[PDB]
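Take a look at this single chain in structure tokens; it is the form deposited in one PDB entry.
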């Protein structure tokens, strides 16, 4: 027999269209899965869909009778947009939170999400079991790893009413969170129906006579989807290039289907050029599938009324890039990259998928005098933080021609308020005067113990980081929980007993370094790297230095503040407090440990690796950080170059080891502006150069030397001096004296000419651009918001200062 609660839970899930969670432990989980599929199928006939099975690397009749799809863990990106009647996970040791989010959301309501666990003598051994991902966290310095993610995972089950844990013998355990489940009253489909189903069929039958909306509204499955289609069509039918409709919805709500049917409606309404801009064409799979579904519903014929152009040469073979329409009239659905805004001159409809994840300048450039459709995932898996969506909406409101804001709430595959969706959104967390504040260290042994106060505080800090993330990734939660040396610091205001403090700033610090010199030389003779550390293993490779990585240091993995309290001084105060704590200025575990009650580790430096940005760089420089490295190949999804800043926090020790690194980086950066850096704005490059020089000034031996006649004559021939003097007098065109620009720029920005001649910020920026970035006058004028004549007018005054110094130098 079987426990009554298993068929009861399955029946409740089938009737209420909600998912059911089952966890099987033992060595013969196949029998349990077969018996759970038989029970699920015996009560309902309209849900017998395919079964998804995921592994890293009776029953015999069961496999040969039902459609079973096998998917690898690394191939879970291939099942995006599908829908399966029951999902199976085989290897616990491999399910990262990314895998769980990707593989659970693709189950229709009433199905079963079955997770198989290996036979265990006591569930109490789950908290210490070898993750296949733990191998990446461990390092030579820190080898042991205490698994805390599994601890919270097992405890989270008790908070889900649809989650049942069963054994090989099909017996419920007390850990199960749905042992108190009760049968629901039988339904009556003769007259009783959900109000949503009545509303949808009403909004469908009302517009059935009209075309093409009548035939393109029979594809929507939710009321919110129908309303989204209605407003999209009422903006398309308006045929006004002064309209802009944005669609923000959680993952799985059906943004792609609504936008695809809207694109089909735009095609049917007589639109010639339609452009879809997305970060990657592989995201445009379900969208184009629903565009094709709308075309089919519009009585179009394949290969006779439309041809599909698919890009096979690059990596994304399956990606659709172009669709041609030649039935009503020549129409094209072209996919362009977000950086290709130069092709939107004749754009009639530009649809920006995942507009939140697109960098803000790219979104600003993609908008024009046409009709713009926008999509954003503001919650759920792969979502965007609330801060970025708020910034985008604020920009749209400030610029607006006309902006329309619609939202989807009701999911498609499962009923609203699904229990399993609630649990997987809790386990993966997928949804005062600055001087008065104090910093506390958050203990990770209790923060992941699923205590109600601990869980509430964990959700608080997690949500803070969520907003500060162009794309949400729940793997960072596992990295934070199971890392061997990651420390979490939070900044709270003055708080009294009985009230949980409100986190205004959260700092995650990772301990790095203490790598043996033998390992350094072993790695430096090859290209392979342990990849455990970042700042040491990167400097030791870039500078070919075998002494830096043997130090002890801290990497600030993530520092985020409350978006409502940003730019008020909380982040800088938290950073200063952390630095002072690491400088030895402070002399059931409790969740919060004050900084004055734990002994800091002896650290020689603190470092950070982050995407370059003028505001971020200004903040880090104000925090006494100096650059050591700057990547040349910009990040494809972000558009920013990785920059590494290191601070010599330890006092009473010579900060000369960092002086050499800063000086080496400073001079390299000077002429690296012609290599993958030509695109940098002049002001940003000037600030980075100034910061690198300030860092290089730590070493007294790196102080610049004066310029003498003996070395000057080795650089400029007397005819070059004559040309410079002629230009300074205004008797020569600036194009003639232009190969001397690299030499003068290098002389000034390496310190030889810095003391002799005084240049302001604008003159320094123009000199840097024209000398090291090799920019034109037009580009420099546009970047600096100055007329072309004024750039040269202030450029001659730079020459009238260098020429005078050179003349006074040669004469005396």
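Positions refer to the first chain, counted from 1.
Peer 1: In the deposited sequence, how many residues between residue 758 and residue 759 have no modelled coordinates (none, 1 to 3, 4 to 9, 10 or more)?
Peer 2: In the deposited sequence, nothing is left without coordinates between these two.
Peer 1: Check the residues of the deposited sequence separating residue 197 from residue 198 and report how many of them have no coordinates, as none, 1 to 3, 4 to 9, or 10 or more.
Peer 2: Nothing is missing between them.
Unshown form solved in complex with a small molecule; subsequent notes refer to it.
Peer 1: Since the chain is shown here on its own, which stretch among 300 to 308, 416 to 424, 124 to 132, 215 to 223 would lie within 4.5 Å of the small molecule in the deposited bound form, judged by heavy atoms?
Peer 2: One stretch meets the cut-off, namely 215 to 223.
Peer 1: May I ask you to check whether residue 254 falls inside a 4.5 Å heavy atom distance of the small molecule in the deposited bound form?
Peer 2: Close contact exists here: in the deposited bound form, residue 254 approaches the small molecule to within 4.5 Å, heavy atoms only.
Peer 1: Taking the small molecule as it sits in the deposited bound form, is residue 512 in contact with it (heavy atom to heavy atom, 4.5 Å or less)?
Peer 2: No, residue 512 stays farther than 4.5 Å from the small molecule in the deposited bound form.
Peer 1: Should residue 437 be counted as a contact of the small molecule in the deposited bound form, where contact means heavy atoms within 4.5 Å?
Peer 2: No.
Peer 1: At the 4.5 Å heavy atom threshold, is residue 552 in contact with the small molecule in the deposited bound form?
Peer 2: Residue 552: no contact with the small molecule in the deposited bound form.
Peer 1: Which residue, 81, 119, 730, 742, is the contact with the small molecule in the deposited bound form, using a 4.5 Å heavy atom cutoff?
Peer 2: Flagged contact: 81.
Peer 1: I need to confirm a contact call. Of 595, 99, 412, 245, which residue comes within 4.5 Å of the small molecule in the deposited bound form, counting heavy atoms only?
Peer 2: Checked against the cut-off, the match is 412.
Peer 1: I have 664, 680 and 772 flagged as a candidate spot, so tell me whether each of them has a non-hydrogen atom within 4.5 Å of the small molecule in the deposited bound form.
Peer 2: Not one of the three qualifies.
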